[PDB]
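Report on one structure; see the data block that follows.
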Amino acid sequence: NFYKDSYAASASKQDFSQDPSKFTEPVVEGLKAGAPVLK
Amino acid sequence: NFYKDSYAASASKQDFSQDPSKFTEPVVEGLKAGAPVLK
Amino acid sequence: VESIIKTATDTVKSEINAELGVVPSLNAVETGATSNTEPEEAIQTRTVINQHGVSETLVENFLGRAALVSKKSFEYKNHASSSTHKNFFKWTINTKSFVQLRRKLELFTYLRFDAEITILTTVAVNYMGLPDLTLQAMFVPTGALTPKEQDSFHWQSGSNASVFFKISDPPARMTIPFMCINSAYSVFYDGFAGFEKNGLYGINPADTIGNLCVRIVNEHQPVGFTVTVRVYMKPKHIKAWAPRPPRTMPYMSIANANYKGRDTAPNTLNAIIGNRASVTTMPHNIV
Amino acid sequence: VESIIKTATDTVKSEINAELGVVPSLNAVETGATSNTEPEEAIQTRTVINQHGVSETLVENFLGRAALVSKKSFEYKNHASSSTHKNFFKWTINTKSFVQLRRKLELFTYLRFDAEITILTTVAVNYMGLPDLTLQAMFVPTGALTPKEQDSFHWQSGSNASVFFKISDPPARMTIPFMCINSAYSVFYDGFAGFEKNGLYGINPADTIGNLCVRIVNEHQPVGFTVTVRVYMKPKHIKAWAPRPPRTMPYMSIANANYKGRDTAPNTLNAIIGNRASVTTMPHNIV
Amino acid sequence: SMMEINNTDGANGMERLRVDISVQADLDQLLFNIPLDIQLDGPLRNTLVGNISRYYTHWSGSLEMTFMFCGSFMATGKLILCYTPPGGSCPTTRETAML
Amino acid sequence: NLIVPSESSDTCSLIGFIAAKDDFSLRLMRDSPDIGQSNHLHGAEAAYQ
Amino acid sequence: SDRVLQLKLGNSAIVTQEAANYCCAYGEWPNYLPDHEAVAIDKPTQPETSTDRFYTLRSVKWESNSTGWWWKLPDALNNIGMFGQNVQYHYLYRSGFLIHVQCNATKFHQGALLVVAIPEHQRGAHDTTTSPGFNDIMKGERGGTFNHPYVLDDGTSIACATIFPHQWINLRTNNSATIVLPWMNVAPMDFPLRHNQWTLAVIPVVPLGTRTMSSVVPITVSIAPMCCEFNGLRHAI
Amino acid sequence: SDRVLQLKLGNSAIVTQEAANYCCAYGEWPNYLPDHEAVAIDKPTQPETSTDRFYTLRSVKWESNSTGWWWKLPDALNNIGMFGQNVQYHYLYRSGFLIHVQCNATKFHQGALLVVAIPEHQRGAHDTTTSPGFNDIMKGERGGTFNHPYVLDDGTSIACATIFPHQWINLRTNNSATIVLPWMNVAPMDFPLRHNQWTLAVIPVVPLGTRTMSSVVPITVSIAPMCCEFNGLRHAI
Amino acid sequence: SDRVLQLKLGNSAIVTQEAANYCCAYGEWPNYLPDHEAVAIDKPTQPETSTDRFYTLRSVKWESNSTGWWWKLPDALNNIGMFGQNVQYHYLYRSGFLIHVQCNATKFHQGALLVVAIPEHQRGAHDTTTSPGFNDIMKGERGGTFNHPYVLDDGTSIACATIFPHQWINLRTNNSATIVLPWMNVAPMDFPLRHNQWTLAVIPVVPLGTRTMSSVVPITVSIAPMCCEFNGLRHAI
Ligand SMILES: CC(=O)N[C@@H]1[C@@H](O)[C@H](O[C@@H]2O[C@H](CO)[C@H](O)[C@H](O[C@]3(C(=O)O)C[C@H](O)[C@@H](NC(C)=O)[C@H]([C@H](O)[C@H](O)CO)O3)[C@H]2O)[C@@H](CO)O[C@H]1O
Ligand SMILES: CC(=O)N[C@@H]1[C@@H](O)[C@H](O[C@@H]2O[C@H](CO)[C@H](O)[C@H](O[C@]3(C(=O)O)C[C@H](O)[C@@H](NC(C)=O)[C@H]([C@H](O)[C@H](O)CO)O3)[C@H]2O)[C@@H](CO)O[C@H]1O
């Protein structure tokens, strides 16, 4: 980026961080694999 | 700057120095916080 | 829970299962959590080293495309007897007029991004040649003072940013920074932007980038031309929050989410998906 | 007292106050100093780490914009029977003709800066096409010898700087250095620039960058055209001193600060601010 | 810098830059109010902060209003100056403004 | 209440001032609405003569 | 173990013996505004127990032809208890919410309610270009009703509404749903009377049905603001 | 130095340039209820800035024949601002008070006001065996007036009233009086609607007099609750 | 302490017992021209005490309908004492100025004067395109008067004039204003007869008023050049 303002830069396509659980498993108590979910 | 004369350069937007007191408090005797200004 | 994912997950080989008290295929949708049953637990799997990349679905790429947001054609001529855009126009910037871009942005609740703006100009004689006109696009803040004439002194643009470009040059381009007064733009706003009760619903002025005033700088020619200006916007340096249900009903207005639906399925108010004869009728069944 | 400020100051939490002899909210305007009462002393505050930047108000940025300073249109044709700018014109450079730039510069008493000059040219047929003409802009020092004809030998520009450009090229551009005979330009000058008493008041010739002589290099065509030249100026490497009260009355002349005011408020000589019914009438009161 | 609080018809020139207060016959009297949008025309527009701010579109920060009493030395009095955050109609009684 | 003796003026003036504190910030520059022109200023055209 | 639960805030408590775990919206938990995110500089008031407690709204009746119900926050509580008083006396507010929806029936009843917390649920009007009016949006404690739940009254769809924090009340399984909501906004605080951060929607995707004795089956909503903070004190609006 | 003073609490501040030091009742200062003196076991709400701030009551006019004025606490504030709301929604309250009485005139005026804070000022009625009624005692924000200031309307005397926390406003000397009051009661907390811990009395012992231009001379009272705590939350009374 | 002040320069001294501190324009103090900023190469004359002393100009009368007064520097002093002689005999001059404006009245009078030092105060003419003439600008020791003080006779405003070095004379507070001015120009020295670096403006923002015995209330200006230097000696102009 030859411009003085950083917002002028090209795209930033390097953020590979993810956390699907905030959408797929937003339950307070984690669900164990194989174990009956309701006990 | 690829030009030989320095005045040809791009803008200089890095001078963050300030001294508002030359306009806001140009009094010979500094005014103490909380203390009555006139004594 | 957070981690770096660069490829689709691998599969591990699995064996026969016959364990009491262990039922991975059973779940409880009521909890609000999505099923956590793994393929390895549902069937016997083999080992697979999956090299499929996941970069094309990165939010930066998904929304990182220059999409048409404005298209305006007007007559460039001597407007002596015009009632009409007299060699210039003003456009209150908004991303709700063209549906492809609108629907994608609306897949999110909040969005923070810088906007690359590209302006493409086209001309047609109302034949003896196409003039290489110079245009001026001036950015005037939301609700601010816009020019009322092609030759108004307002175009002197002492502080407003203006870009002058020729039809023969490549499309003009510049980046408008994330300029919201908040930490992110509100794609949706469940409120009224005023302290009284008669204000507009769902319109947070804080989310209106501003006005774009475009004029032809050249004085009119002896003949008239039709000039069309197209503006494209590409968001970058994007951060997105809270995905949402995709729009299904056709859009009705740029000012709200009002809906009506198509006359007949698909996407009709009482039937989003097209009909099939029955729940046991297999469409496109292999004969 | 001087320091480096990159963000707005933070706020510190404050407690209840009940101290004899300590009255931070009282001041004495008579001293000429502005109140030094801090928010923490006027009310109970919380702690706030303020990250708001202050760079957009840097003088370099405030004045760092290319503003229109000259706009001149003339007829490009065979001037055999003309009384009139015959395919060229001369402009005594000044920053007092266009109000947006003028008012901003006049917010300061003295200014030191280099000036980036950009020249934009536009053409219109008085239809069969727009010619790609070559123009020449020659810088002739203040009060110096300017050309009297389009083909004058004065245009040979042996020492004067000249820039040749085509209408099809991007606007011409060059930087005129801070060229004042003093350490800074005088935006205002309370004096007479001559040793006699009949000189002009408020005009220090030392603050006139010079003359700009512009001509169309091409000989005239069989038909006439209207050519408009716009000059923009952007100050850079700026140093400013002694801010001043902003202009309120409309400008009347480029040669002085004469005033008259609008016919009715706002900005009328006896009332700068628009009127309200009374000092207890709240305009835009929330109903 | 000076606020043009007395921006009323009949007030000319510098008369607009000062607010006159008189000995009252009634109690808890409202003396004057001031609209606060430093971005719109009103008592705050032609001030240093108002003029410069109008060259911009967004603003943030605390403002300070200082009033200087210019009566005679023998004159006494107590006033209450109130800032009411937005939401409703401008208070017209001291019991409300005081909150 | 404002209270004054017989020989003092019974109508007094206040002068109100305003200013920003150092926690102030301004963004997004635009042309000021406080100045404008609809014609050439006197003498502007003479700069070409 | 994950079927029983007790929620206690202030002088209020709620228990359920047929829960389905509970949802923490986006995996977050309510918290007070930190100094590094603050904007308003006046010292805030944090009333704690007088506002952070359960407020139970009037119940609604689940009928065979019901389309669904909704309550906007903070609007639904802007006139209830000390939370309502603080809201009326302050220009700014901030808080999270603990939502508990209740509905019990019989081992012979069937029905399934989608209980979802929608952020910025901007409603759309049906078959008109005119935007919804103030009274179409601000229902207060009474809440509103869905005209076309199939498209969430906003031209999208209830089918994909599961992308939002939610739970279900499936009568054969549970009798309550619990969702913890953190402050959700693009600003650290807001004016409570003109903007609703969240909308609680309860929609019967599977209608109520049975062949046993017919009884009125109510649905009740209890909401507890959490970590309430108020700034910009003045008179009551 | 001891003639100028600034008091700042919450979003309110007051200055005086003609004070006479200031009084701390019985040499004490307000404080929150400690665990070793507490009785009510529910977690209290401590609203801080929304209640601990200056509330200015309507002024009264000092006339040549005035007998004096009084305001009972917390009654005078039980219906003002957020302090009033907390009082109405809670069975129990506790707080101290910062009192600032204001009265300015001219260098040509004379007069002296006794400004005293009386604990448990139980009023008596004149020439009757019938005890004072509810309306004779609970005047609210308007306060009341003395019938016989000479005996403090209780059969004792104003002459010895100086045994209580007080100051004077002697026009040639000062224009304000300030008294800081700590919680004063035999119990750690109390029901605010039926018992008044303190009574602020302002009595002109030396009448207002002058030979200069006659003007209305007001007396104004500003009171700031301090370290407010409330227990026993319920609905508003 | 900051209300009393004595200024002493040369054979002149001034005291005030009702000052309001004093202003140092832009926080600077007068000084002689250093070698690294010098231009004129002839050895300058620095007369010191014969020129750096207080010169008191003729007084003006503050009337109920006065619009204000102004004096330009060095013009106002170009014909007074040895400062005037040096100015007339030298092509170049340089100096700072110590300004002391005086105005006393009575404890029964009211009025407020803005005393401001304006750098490069280029005057504008009213309702005409013709620039001000020599005689409209050069008034000498007598000074001039404001036609439209509201816009500082230059189309701007007195409201924002506080951006310039200033003080006020508010009769109930003080009876004098003091401003120290350093050399203010874009050149190290200048020709004193055709350019005025500073303009002293005294404007009654709050008119003079009283109900006591009417007396002539004068305003007096005393100015002391500081660190005077002169170059380019020749005959007197
Ligand atoms: C004739 C028959 O046996 N069965 C029809 C069944 O085919 C019909 O379904 C529709 O069929 C068309 C193909 O003709 C499409 O596949 C329709 O789907 C979509 C598409 O994928 O293209 C879905 C999409 O959402 C729609 N878009 C919009 C913007 O509205 C488009 C769109 O309408 C078409 O492209 C029109 O140009 O259609 C699919 O539903 C059903 C209808 O009830 O009826 C059976 O009888
Ligand atoms: C009708 C009523 O109730 N009250 C009017 C009151 O509105 C009027 O005020 C004027 O109103 C206009 C809006 O119509 C503007 O807000 C005027 O302000 C400014 C502006 O901010 O735009 C100030 C600015 O300085 C002015 N600029 C110049 C270059 O002169 C502009 C300008 O005149 C307008 O934009 C014109 O196009 O106005 C504001 O004063 C007052 C007038 O006394 O009268 C009430 O009755």
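Ordering of the structure tokens sets the chain letters (A, B, ...); residue numbers start at 1 within each chain; ligands are numbered from 1 in the order shown.
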
Give me the chain B side of the contact with chain A, cut-off 12 Å, one line per residue showing its nearest atom pair and distance in Å at one decimal, counting only C-alpha atoms, sorted by chain and residue number, as CSV.
residue,atom,partner,partner_atom,distance
B:10,CA,A:4,CA,10.3
B:11,CA,A:4,CA,9.9
B:12,CA,A:4,CA,10.3
B:13,CA,A:4,CA,9.2
B:14,CA,A:4,CA,10.6

Given the selection you just returned, output its residues as a file containing C-alpha atoms, formatted as an mmCIF file, in the first residue's frame.
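Output (part.cif):
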data_model
loop_
_atom_site.group_PDB
_atom_site.id
_atom_site.type_symbol
_atom_site.label_atom_id
_atom_site.label_comp_id
_atom_site.auth_asym_id
_atom_site.auth_seq_id
_atom_site.Cartn_x
_atom_site.Cartn_y
_atom_site.Cartn_z
ATOM 1 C CA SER B 10 3.863 14.941 -0.985
ATOM 2 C CA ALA B 11 2.123 16.366 2.092
ATOM 3 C CA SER B 12 3.525 16.146 5.612
ATOM 4 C CA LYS B 13 0.686 14.958 7.863
ATOM 5 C CA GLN B 14 2.765 13.853 10.834
#

- Message: List as a ChimeraX atom specification the protein and nucleic acid residues lying within 10 Å of ligand 2, with only C-alpha atoms and all ligand atoms counted.
- Response: /C:144-145 /D:99,248-250,261-262,264-268,271-277,283-284 /E:7-9,39-42,45-46,51,54 /F:32-37

- Message: Please identify all residues of chain E having at least one atom at most 12 Å from any atom of chain H, considering only C-alpha atoms, and return them as an NGL selection string.
- Response: :E and (22-29 or 72-85 or 93-99)

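With the cut-off set to 9 Å and only C-alpha atoms counted, chain F residues close to chain I are residues 5, 6, 7, 8, 9, 10, 12, 13, 14, 15, 17, 42 and 43 of chain F.
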
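With CA of residue 234 (chain H) on one side and CA of residue 98 (chain H) on the other, the separation reads 27.8 Å.
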
- Would you kindly report the residues of chain F within 9 Å of chain D, using only C-alpha atoms, as a PyMOL selection string? chain F and resi 19+21-29+31-32+34-37+40-49

Those residues with N, CA and C atoms, as an mmCIF file, in the first residue's frame please?
data_model
loop_
_atom_site.group_PDB
_atom_site.id
_atom_site.type_symbol
_atom_site.label_atom_id
_atom_site.label_comp_id
_atom_site.auth_asym_id
_atom_site.auth_seq_id
_atom_site.Cartn_x
_atom_site.Cartn_y
_atom_site.Cartn_z
ATOM 1 N N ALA F 19 -16.955 26.548 24.437
ATOM 2 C CA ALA F 19 -15.713 26.024 23.887
ATOM 3 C C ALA F 19 -15.719 24.513 24.039
ATOM 4 N N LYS F 21 -13.648 20.947 25.016
ATOM 5 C CA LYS F 21 -12.609 20.540 25.959
ATOM 6 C C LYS F 21 -11.619 19.715 25.129
ATOM 7 N N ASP F 22 -10.507 19.282 25.719
ATOM 8 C CA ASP F 22 -9.536 18.515 24.944
ATOM 9 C C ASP F 22 -9.884 17.046 24.699
ATOM 10 N N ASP F 23 -11.119 16.657 24.994
ATOM 11 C CA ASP F 23 -11.553 15.288 24.726
ATOM 12 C C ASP F 23 -12.414 15.334 23.459
ATOM 13 N N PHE F 24 -12.302 16.436 22.721
ATOM 14 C CA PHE F 24 -13.072 16.663 21.496
ATOM 15 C C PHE F 24 -12.415 16.055 20.258
ATOM 16 N N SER F 25 -13.234 15.700 19.274
ATOM 17 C CA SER F 25 -12.748 15.108 18.029
ATOM 18 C C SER F 25 -13.725 15.450 16.898
ATOM 19 N N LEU F 26 -13.196 15.772 15.720
ATOM 20 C CA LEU F 26 -14.027 16.104 14.559
ATOM 21 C C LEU F 26 -13.625 15.230 13.375
ATOM 22 N N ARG F 27 -14.606 14.781 12.591
ATOM 23 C CA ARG F 27 -14.323 13.930 11.435
ATOM 24 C C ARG F 27 -15.183 14.258 10.221
ATOM 25 N N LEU F 28 -14.714 13.786 9.066
ATOM 26 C CA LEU F 28 -15.398 13.922 7.782
ATOM 27 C C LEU F 28 -15.603 15.359 7.319
ATOM 28 N N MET F 29 -14.530 15.930 6.784
ATOM 29 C CA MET F 29 -14.541 17.304 6.312
ATOM 30 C C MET F 29 -15.520 17.530 5.174
ATOM 31 N N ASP F 31 -17.641 21.071 2.897
ATOM 32 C CA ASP F 31 -17.677 22.506 2.652
ATOM 33 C C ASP F 31 -18.580 23.133 3.710
ATOM 34 N N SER F 32 -18.189 24.294 4.214
ATOM 35 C CA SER F 32 -18.984 24.968 5.229
ATOM 36 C C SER F 32 -20.229 25.611 4.627
ATOM 37 N N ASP F 34 -21.727 28.058 5.932
ATOM 38 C CA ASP F 34 -21.737 29.449 6.367
ATOM 39 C C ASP F 34 -21.215 30.492 5.387
ATOM 40 N N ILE F 35 -20.810 30.059 4.199
ATOM 41 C CA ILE F 35 -20.315 30.991 3.192
ATOM 42 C C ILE F 35 -20.708 30.468 1.811
ATOM 43 N N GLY F 36 -21.006 31.382 0.894
ATOM 44 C CA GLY F 36 -21.389 30.981 -0.448
ATOM 45 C C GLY F 36 -21.406 32.162 -1.393
ATOM 46 N N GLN F 37 -21.460 31.894 -2.694
ATOM 47 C CA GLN F 37 -21.489 32.971 -3.673
ATOM 48 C C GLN F 37 -22.327 32.560 -4.875
ATOM 49 N N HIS F 40 -19.680 36.500 -9.424
ATOM 50 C CA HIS F 40 -18.252 36.750 -9.328
ATOM 51 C C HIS F 40 -18.108 37.885 -8.332
ATOM 52 N N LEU F 41 -17.059 37.855 -7.524
ATOM 53 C CA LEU F 41 -16.858 38.939 -6.581
ATOM 54 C C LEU F 41 -16.366 40.135 -7.382
ATOM 55 N N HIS F 42 -16.572 41.330 -6.842
ATOM 56 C CA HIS F 42 -16.131 42.542 -7.509
ATOM 57 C C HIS F 42 -14.619 42.468 -7.701
ATOM 58 N N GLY F 43 -14.156 42.817 -8.897
ATOM 59 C CA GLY F 43 -12.732 42.796 -9.178
ATOM 60 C C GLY F 43 -12.165 41.457 -9.616
ATOM 61 N N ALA F 44 -12.938 40.385 -9.462
ATOM 62 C CA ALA F 44 -12.462 39.061 -9.848
ATOM 63 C C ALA F 44 -12.137 39.005 -11.335
ATOM 64 N N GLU F 45 -13.045 39.520 -12.153
ATOM 65 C CA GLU F 45 -12.845 39.506 -13.591
ATOM 66 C C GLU F 45 -11.729 40.447 -14.030
ATOM 67 N N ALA F 46 -11.476 41.478 -13.232
ATOM 68 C CA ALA F 46 -10.425 42.438 -13.545
ATOM 69 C C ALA F 46 -9.040 41.807 -13.414
ATOM 70 N N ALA F 47 -8.957 40.681 -12.709
ATOM 71 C CA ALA F 47 -7.683 39.992 -12.537
ATOM 72 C C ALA F 47 -7.222 39.432 -13.882
ATOM 73 N N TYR F 48 -8.128 39.430 -14.857
ATOM 74 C CA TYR F 48 -7.834 38.931 -16.196
ATOM 75 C C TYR F 48 -7.570 40.078 -17.169
ATOM 76 N N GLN F 49 -7.622 41.307 -16.672
ATOM 77 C CA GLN F 49 -7.390 42.471 -17.519
ATOM 78 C C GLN F 49 -6.126 43.221 -17.105
#

Wanna dump the chain I-chain B contacts at 6 Å for me, each residue with its shortest atom pair and the distance in Å to one decimal, counting only C-alpha atoms, ordered by chain and number, as JSON lines?
{"residue": "I:1", "atom": "CA", "partner": "B:39", "partner_atom": "CA", "distance": 5.6}
{"residue": "I:2", "atom": "CA", "partner": "B:39", "partner_atom": "CA", "distance": 5.9}
{"residue": "I:22", "atom": "CA", "partner": "B:27", "partner_atom": "CA", "distance": 5.5}
{"residue": "I:23", "atom": "CA", "partner": "B:27", "partner_atom": "CA", "distance": 4.5}
{"residue": "I:24", "atom": "CA", "partner": "B:26", "partner_atom": "CA", "distance": 5.4}
{"residue": "I:26", "atom": "CA", "partner": "B:22", "partner_atom": "CA", "distance": 4.4}
{"residue": "I:27", "atom": "CA", "partner": "B:26", "partner_atom": "CA", "distance": 4.9}

Selection file, C-alpha atoms, as a tab-separated table (two decimals), in the first residue's frame:
chain	number	residue	atom	x	y	z
I	1	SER	CA	-1.99	38.87	44.78
I	2	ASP	CA	-2.98	38.58	41.13
I	22	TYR	CA	-2.28	39.83	32.80
I	23	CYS	CA	-1.96	38.50	29.27
I	24	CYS	CA	1.22	37.55	27.42
I	26	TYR	CA	0.45	33.78	22.55
I	27	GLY	CA	2.50	33.04	25.65

- Item | Who sits within 8 Å of residue 18 (chain B), only C-alpha atoms, same chain under 6 positions skipped, as number ranges by chain | D: 2-5

For the residues in that selection, give me N, CA, C and O atoms as a tab-separated table (two decimals), in the first residue's frame.
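Contents of again-v6.tsv, freshly written:
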chain	number	residue	atom	x	y	z
D	2	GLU	N	3.84	22.46	25.46
D	2	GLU	CA	3.75	21.80	24.17
D	2	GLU	C	3.90	20.29	24.35
D	2	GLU	O	4.71	19.83	25.15
D	3	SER	N	3.11	19.52	23.60
D	3	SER	CA	3.18	18.07	23.68
D	3	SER	C	2.60	17.42	22.43
D	3	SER	O	1.97	18.08	21.61
D	4	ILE	N	2.82	16.12	22.30
D	4	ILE	CA	2.33	15.37	21.16
D	4	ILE	C	0.96	14.77	21.48
D	4	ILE	O	0.83	13.97	22.41
D	5	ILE	N	-0.05	15.17	20.72
D	5	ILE	CA	-1.41	14.68	20.91
D	5	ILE	C	-1.86	13.89	19.69
D	5	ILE	O	-1.94	14.43	18.59

Please identify all polymer residues within 12 Å of residue 206 (chain D), counting only C-alpha atoms, omitting same-chain residues fewer than 2 positions from it, and present them as a short mmCIF file (atom, residue, chain, number, x, y, z; two decimals) with N, CA and C atoms, in the first residue's frame.
data_model
loop_
_atom_site.label_atom_id
_atom_site.label_comp_id
_atom_site.auth_asym_id
_atom_site.auth_seq_id
_atom_site.Cartn_x
_atom_site.Cartn_y
_atom_site.Cartn_z
N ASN D 94 -4.48 34.85 -7.48
CA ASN D 94 -4.99 35.34 -6.20
C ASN D 94 -5.88 34.24 -5.65
N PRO D 141 6.15 36.15 -13.59
CA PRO D 141 6.20 36.83 -12.29
C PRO D 141 5.29 38.05 -12.16
N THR D 142 4.84 38.30 -10.94
CA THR D 142 3.96 39.41 -10.61
C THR D 142 4.41 40.74 -11.22
N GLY D 143 3.52 41.34 -12.02
CA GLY D 143 3.82 42.61 -12.66
C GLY D 143 4.75 42.54 -13.86
N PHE D 178 6.93 27.80 -1.86
CA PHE D 178 6.58 28.93 -1.03
C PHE D 178 7.56 29.97 -1.58
N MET D 179 7.05 30.96 -2.31
CA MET D 179 7.92 31.95 -2.93
C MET D 179 7.88 33.37 -2.39
N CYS D 180 7.29 33.56 -1.22
CA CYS D 180 7.20 34.89 -0.64
C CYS D 180 8.58 35.44 -0.26
N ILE D 181 8.74 36.76 -0.34
CA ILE D 181 10.01 37.39 0.03
C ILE D 181 10.13 37.42 1.56
N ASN D 182 9.05 37.06 2.26
CA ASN D 182 9.05 37.01 3.72
C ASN D 182 9.00 35.55 4.17
N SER D 183 9.02 35.31 5.48
CA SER D 183 9.00 33.96 6.01
C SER D 183 7.63 33.29 5.93
N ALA D 184 6.61 34.07 5.59
CA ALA D 184 5.25 33.54 5.47
C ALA D 184 4.40 34.53 4.68
N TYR D 185 3.32 34.05 4.08
CA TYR D 185 2.42 34.92 3.33
C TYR D 185 1.55 35.63 4.36
N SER D 186 1.12 36.85 4.04
CA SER D 186 0.24 37.60 4.93
C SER D 186 -1.17 37.43 4.38
N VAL D 187 -2.00 36.67 5.07
CA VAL D 187 -3.37 36.46 4.61
C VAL D 187 -4.11 37.79 4.73
N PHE D 188 -3.73 38.56 5.75
CA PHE D 188 -4.30 39.88 6.00
C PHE D 188 -3.12 40.83 6.13
N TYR D 189 -3.29 42.07 5.68
CA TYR D 189 -2.21 43.04 5.73
C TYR D 189 -2.76 44.43 6.07
N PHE D 192 -0.25 49.75 3.74
CA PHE D 192 -0.25 50.19 2.35
C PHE D 192 1.07 49.77 1.73
N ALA D 193 1.00 49.08 0.60
CA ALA D 193 2.20 48.57 -0.06
C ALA D 193 3.03 49.58 -0.86
N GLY D 194 2.92 50.86 -0.53
CA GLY D 194 3.69 51.86 -1.25
C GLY D 194 4.19 52.97 -0.35
N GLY D 202 -4.39 47.12 2.31
CA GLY D 202 -4.59 45.69 2.49
C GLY D 202 -4.04 44.77 1.42
N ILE D 203 -3.26 45.31 0.50
CA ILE D 203 -2.69 44.50 -0.57
C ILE D 203 -1.17 44.52 -0.54
N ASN D 204 -0.56 43.47 -0.01
CA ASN D 204 0.89 43.39 0.03
C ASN D 204 1.30 42.58 -1.21
N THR D 208 1.50 38.01 -3.78
CA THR D 208 0.89 37.65 -5.05
C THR D 208 1.85 36.73 -5.79
N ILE D 209 1.50 35.44 -5.81
CA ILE D 209 2.32 34.43 -6.46
C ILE D 209 2.78 34.84 -7.86
N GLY D 210 1.89 35.43 -8.65
CA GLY D 210 2.27 35.86 -9.99
C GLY D 210 1.18 35.77 -11.05
N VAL I 186 5.81 38.95 9.62
CA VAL I 186 6.41 37.88 8.83
C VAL I 186 7.84 38.26 8.46
N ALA I 187 8.24 39.47 8.84
CA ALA I 187 9.59 39.98 8.58
C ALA I 187 10.20 40.38 9.92
#

- Backbone-only DSSP, strand (DSSP E or B) members of region 22-247 of chain D, as a PyMOL selection string: chain D and resi 45+48+53+67-76+88-92+108-125+134-140+162-166+172-176+185-186+191-192+201+211-216+225-243

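Set the cut-off at 10 Å, count only C-alpha atoms, and the residues of chain G near chain D turn out to be residues 34, 35, 36, 37, 38, 39, 40, 41, 42, 43 and 44 of chain G.
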
Would you give me, as JSON lines, each residue of chain D having an atom within 7 Å of an atom of chain B, along with its shortest atom pair and that distance in Å to one decimal, using only C-alpha atoms and sorting by chain and residue number?
{"residue": "D:1", "atom": "CA", "partner": "B:19", "partner_atom": "CA", "distance": 5.8}
{"residue": "D:2", "atom": "CA", "partner": "B:19", "partner_atom": "CA", "distance": 4.4}
{"residue": "D:3", "atom": "CA", "partner": "B:17", "partner_atom": "CA", "distance": 5.3}
{"residue": "D:4", "atom": "CA", "partner": "B:17", "partner_atom": "CA", "distance": 4.3}
{"residue": "D:5", "atom": "CA", "partner": "B:16", "partner_atom": "CA", "distance": 5.5}
{"residue": "D:6", "atom": "CA", "partner": "B:16", "partner_atom": "CA", "distance": 6.2}
{"residue": "D:21", "atom": "CA", "partner": "B:35", "partner_atom": "CA", "distance": 6.9}
{"residue": "D:22", "atom": "CA", "partner": "B:34", "partner_atom": "CA", "distance": 4.7}
{"residue": "D:23", "atom": "CA", "partner": "B:34", "partner_atom": "CA", "distance": 4.8}
{"residue": "D:24", "atom": "CA", "partner": "B:34", "partner_atom": "CA", "distance": 3.7}
{"residue": "D:27", "atom": "CA", "partner": "B:37", "partner_atom": "CA", "distance": 5.9}
{"residue": "D:28", "atom": "CA", "partner": "B:37", "partner_atom": "CA", "distance": 6.2}
{"residue": "D:33", "atom": "CA", "partner": "B:25", "partner_atom": "CA", "distance": 4.5}
{"residue": "D:34", "atom": "CA", "partner": "B:24", "partner_atom": "CA", "distance": 5.1}
{"residue": "D:60", "atom": "CA", "partner": "B:13", "partner_atom": "CA", "distance": 5.9}
{"residue": "D:61", "atom": "CA", "partner": "B:13", "partner_atom": "CA", "distance": 6.9}
{"residue": "D:114", "atom": "CA", "partner": "B:7", "partner_atom": "CA", "distance": 6.5}
{"residue": "D:175", "atom": "CA", "partner": "B:8", "partner_atom": "CA", "distance": 6.0}
{"residue": "D:177", "atom": "CA", "partner": "B:7", "partner_atom": "CA", "distance": 6.1}
{"residue": "D:236", "atom": "CA", "partner": "B:11", "partner_atom": "CA", "distance": 5.4}
{"residue": "D:237", "atom": "CA", "partner": "B:12", "partner_atom": "CA", "distance": 5.7}
